[PDB]
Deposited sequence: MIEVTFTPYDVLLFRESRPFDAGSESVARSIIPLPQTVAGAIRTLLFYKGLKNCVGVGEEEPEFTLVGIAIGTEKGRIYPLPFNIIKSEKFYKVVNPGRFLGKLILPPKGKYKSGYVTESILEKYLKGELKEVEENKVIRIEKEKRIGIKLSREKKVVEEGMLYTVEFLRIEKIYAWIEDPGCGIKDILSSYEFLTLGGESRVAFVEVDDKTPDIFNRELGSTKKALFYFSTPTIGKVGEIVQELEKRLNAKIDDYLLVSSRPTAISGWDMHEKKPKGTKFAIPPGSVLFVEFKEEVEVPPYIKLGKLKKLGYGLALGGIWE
């Protein structure tokens, strides 16, 4: 896929998608906005997973226990909003970090870069936007670079395992049941149990140009939310998977993990 970073000098996905959508003088679009990432001097960053809680100058990754045959999370301290490096998250997704020093968590738009991942079905976005450019953000201006290289997170070889988690990089729009159900199908597998660790539903609304009024309100699982799953049988957990509504708008980017 094309990899589009902006240098700036939710409706985040919508804004980005529209922007691209909008750039092309020359309702989802034809192309698909897989997802987006926030950027800083430290590169890409992601909302801190909801199962990582601060304590003792440290953030503890807490894993589920199966109570009454039911997946659950041990009673712990409140979630503290934050961000983590792409480096840290990958460790997380492999269940290979037991904790992160507090200093590392990134409380710090107030933003330096925004990354766009796009599947261009011969819309010729790469060559056209490829021209080194400064483009109008949907007002503010940005510098645009485009690379044909897909991000490392996207290509990872997770093991094949019965226990997988899905971390939502972007707001995913769906009821829990539909999502797991949609999941079961795409992986063509059956899920014995699942636990969703998340904050209260996010209200996402966007403009309808033709109707010329605000779009119907939808409720999305907030980013950083994690879905733990116990499959009936061994499944090759994908590096990432798109779920829920408004996919081509950058929604429903869930990154694969294990536990």
Stretches with no C-alpha atoms in the model, relative to the deposited sequence starting at 1: 1 to 3, 13 to 31, 49 to 59, 142 to 168, 199 to 200, 322
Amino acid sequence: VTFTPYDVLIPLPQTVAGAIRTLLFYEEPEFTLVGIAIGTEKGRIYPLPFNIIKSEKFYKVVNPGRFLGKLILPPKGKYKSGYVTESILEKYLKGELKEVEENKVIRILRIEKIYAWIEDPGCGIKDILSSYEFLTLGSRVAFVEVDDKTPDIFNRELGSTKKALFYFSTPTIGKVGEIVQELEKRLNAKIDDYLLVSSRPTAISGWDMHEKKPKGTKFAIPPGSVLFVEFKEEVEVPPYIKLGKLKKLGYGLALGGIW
From here on, numbers count along this sequence of modelled residues.
Stretch with the higher entry mean CA B-factor, where the candidates are 172 to 180 and 96 to 104: 96 to 104
Per the entry, higher mean C-alpha B factor between 228 to 236 and 195 to 203: 228 to 236
Residue selected from 116, 164, 88, 109 by maximal Cα B factor: 109
Residue of maximum C-alpha B factor among 51, 217, 32, 55, per deposited coordinates: 55
Where the record places residue 212 (Cα B-factor, split into thirds across the chain): highest
Residue 10 by Cα B-factor - lowest, middle or highest third of the modelled chain: highest
Record-listed C-alpha B factor of residue 38: chain third: lowest
For residue 44, the third of its chain into which the C-alpha B factor falls: lowest
Where the record places residue 121 (Cα B-factor, split into thirds across the chain): middle
